[PDB]
Structures are given as structure tokens and as C-alpha cells.
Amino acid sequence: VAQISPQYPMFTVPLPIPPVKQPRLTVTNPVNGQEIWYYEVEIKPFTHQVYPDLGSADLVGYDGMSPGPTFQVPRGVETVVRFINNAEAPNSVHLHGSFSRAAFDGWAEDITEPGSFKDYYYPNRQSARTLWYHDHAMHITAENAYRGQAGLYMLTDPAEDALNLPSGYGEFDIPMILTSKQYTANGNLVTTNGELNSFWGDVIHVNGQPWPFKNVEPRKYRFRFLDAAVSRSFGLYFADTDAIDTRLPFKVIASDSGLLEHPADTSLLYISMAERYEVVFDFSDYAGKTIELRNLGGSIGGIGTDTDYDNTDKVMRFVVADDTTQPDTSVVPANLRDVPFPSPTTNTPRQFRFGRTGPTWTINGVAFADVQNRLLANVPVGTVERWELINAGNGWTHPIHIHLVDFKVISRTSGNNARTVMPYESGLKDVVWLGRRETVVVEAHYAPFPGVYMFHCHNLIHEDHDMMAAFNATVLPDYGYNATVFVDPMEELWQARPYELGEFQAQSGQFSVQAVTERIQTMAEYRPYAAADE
């Protein structure tokens, strides 16, 4: 249908790379003598000239930019990130892909008001994967995400590095953070506020830039795809501009939770909100060509309901040079890793139904705000469980996120007989897309930390009104590991604290080296992540 946003100059601005986010300092952990990387992130308003010939867009972002700066963390280095609210509305930060303790996982009610800051303690012990950090605050997630509180967080393993995949952030390892927005005549953002069905957007962005180009060498690139959009699901394919309907093959090498067991040979990638897929594309056969990254129309080929616009079939262009600077020495092994799949269970699955109760998006007819009713499951830590995620509806689709766990997609049924399980769903994931009339069974090990945790739809419109609920990953009082201070997300010890702008800019009081050191050494003594130690 006709584009509503003004006419944009297609493929004329080059793809931005979020900078890598540098720690302020490191703090000796008294427990193990190791260095904890400490960072400061300032959430603040800024403007961006999106449309060269028009007004500015008002955004609010991690360190005054969208996407946020990219985190790059080796497995086994604990990080502490002080997320500092200097904006107009509260925040709650969720590290999506992290088995963070309940109080460091971005619980929607665990907010930071402006003039406050919260310290998040992350383990960084999981399998190498593309994580992303984003706002999760009660009822205001859609707008906080859309206005630009989302950035990448790369968990790296030297073992993954010995597979010799195309490498180097900004070089042959490219973040591909997709968003779908709408602009006014004056080129500001159209707000998602008061939207209750879906906010599709008619302007496609990669890393915050509408319809970019990148100049590439005719060799393999590692592409880290993330759908950071509010509501748009995609069917990605690449075509030579000479033949825009001819889909070029590529390999999926990883899903949400990290590497597949084997690359999945693919020509069409389904990706919905909050899904991460890592692709290797070989430009070597296309020396001298423009490859266009495109999106499947017909609401992702009849899997979705998304409205398509004049230009939502276009993502960005790759202008392929005649030659490499030096040889491409990277490969893609047939065997990437042994995926730590959960031990299969025969226990009867739980059922969660994603639908409507009048004007409200619900799970089992419950809204997240209905505190009484929203804790839908108690799972003993260690348990493997199958959840059957049900979309009975033809008029909505629901990418379901479970916090804490990595899961195996066991099965997909479709009431429009459209598809089953996809080859790139062969590994471990933390989001799975319920297309039209789709039921999906996932299997997860609810481990290793006890806590109250969220699960929900990642269509941020639906999440906010109000398709979210909670599970309790439970232990008996004799469990120890200080479980009593890490099970309740709203525990006083880990709550936001106020600060003054002058303290923050001068690196004094609470931001002295000394205070930051004392505060993080105190946190470390509680040993939040000990039970994972292997």
C-alpha cells in the first residue's frame, strides 16, 4: 500500500556501524581475584537528521545514539553496567540472550526513573551468541525501543574463533539491526503511543539508517541479523539487481542462543521481532554487481499479517568490488559445534494461548498488569519442560520470548498448512514465531538460576497491551547460593539509586573510582552466578 513517510533517497547513505562500547574501568573481584569490566551508559535525548532535506527526528538512546554502542565481551569476563537515566521517562534494561539473575534481567516493574541509575551484573558464561540490550519498562517498552533504546552485545569464545568464520567487527563481521518506522512530513518519528493492534512502519532501517548501501569485497561476510522492530516480521532474501526475483543462496550459521550444529543452506530467512540469525553471504560470484537485500511481500508470504508498503520489499544494497584487497582465508565448517540440547521429556506439555480478551492482548486470558493472575507456572530449577505456544488467530502473529532459558523448537503446526519447523530453527533459540494459526512446542531446561522471570510476545505493541506473564524457576530453602536475595526481581539491594548530574560528569561521589570499586566488590561477595561455575 502507498508509503506514508516522505520519499527517502534510496541506497545513498552508507550503513553505519555502532561503535564498540569501552569499559570506564575494571574492578578486582575479591571472590576470585579476576577483573570485572565496569561500564557507564547514559540514557539521553538527542536529535538525528534522518531525511537530509527535512527536520530532525527526536530519539532517546544508550549514550545518545541508536543503535546503542556495541558491547564485545569474552565468555568468562563478568560485566557490570550502570545504566543512567537522564531522559524524560523511566527505563528497565533487559540483556536478551543472558541468563541474568531475576533482578538484573530487566523485569518490567524494575524501573529506573530519571535522576536514577541501576547497576546490572551480567555473567557472560553462556555459549558465544549475538545478544542485544533493550528497554523493558512496564507499558512503555514499544516507545522506549522505537525511540532507540536497543544495542548489540556480542558474547565471544576463542573456540568459536578457531572455526575461522569471516571475522572483525566493522570488517567482515557486520551487525544488521533491522527496524521498521514511520516519519512525519517534517521528518520526525511518528509515535507508537496510542497504537494497540500493530505499528508496522513503512521505512526500513539497518543500524538506524533508512535503506542504506554498503561497498563490499567479493568474499564471505558474517551478517548478524537482529529484528529490533516494534511489529515488522521479515522474509529476507538477496537478489542481483539484474534479477531481483532470483534468490541467492547463503548459510545460516547461528540462531538466538548461538551456533547451529551445521550450517543451514538457505535462500529465504524468516526473522521476527527479537530473533537473531547469523548468516554467511559469499559475494565472490558477484564481483562487479549490486546485490539487493529484500523482504518477502504478501505479509511474509502468508505466514504473517504485516502491512506491506511501496518500499518494505527493500532493505539495503551491497555494491560488490571487482577484487579482494587480499585473499579471503575464512571458511564455514560443515560442523560448527555440539549444541547443548535439553534432555527430552515425556511429561505432558503446558499450554499458553496468545490471543485477545476484548481490547487487550493476553496469555491464557491474563494481562501482565493483573499481578494476581500473571504468574502462570512454577518450575523446579533443573526441570525440562515442553511449552505448547498456541496462536489460534488468523489476524495476529506472535514471536514468543521466554527469559532465562535457551529452547529447542520441537514442532510447528499451521491451520493454513503453510510450514512446519525451519532448518535454521534446528538449534537453540529464545524467541519462536507463531505465524497465522501456528502452534509451536518448545523444550527448555529451566536452569540454572532460581528467580521470577518474564515471558511474552515481542511484538512490542502486544507486549505493552498486555501479552506478558511470569514463571517462577523454584528451589527449596536448603538450596543456598544466596537464592533468598536473587529470586525477587524487585529486591531492595539491587534497586535503582538516585544520583546528581554533577556527580556523574565529574566522576565523584557514587561515580568515584573508590565508590564504584566498593559497590561492585560488595555485589561480587553475594556470588550471583556461582551455581553456573562448571
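Start at 1 with the first residue shown and count on from there.
- Note on 344 to 352 vs 389 to 397: mean CA B-factor is higher in 344 to 352.
- Taking the mean C-alpha B-factor of each stretch as recorded, 135 to 143 and 281 to 289 are not equal, and the higher mean is that of 281 to 289.
- Across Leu95, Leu404, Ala243, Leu155, the greatest Cα temperature factor reported in the deposited entry is at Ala243.
- Within the selection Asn193, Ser255, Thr79, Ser411, the deposited Cα B-factor values reach their highest point at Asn193.
- Per the PDB record, residue ranking by Cα B-factor puts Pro249 in the highest third of the chain.
- Ranked by C-alpha B-factor against the other modelled residues of its chain, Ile36 falls in the lowest third.
- In the PDB entry, a CA B factor belonging to the highest third of its chain's modelled residues is recorded for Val475.
- Annotation for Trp211: CA B-factor lies in the middle third of the chain's modelled residues.
- Among the modelled residues of its chain, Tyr221 has a C-alpha B-factor that falls in the middle third according to the deposited record.
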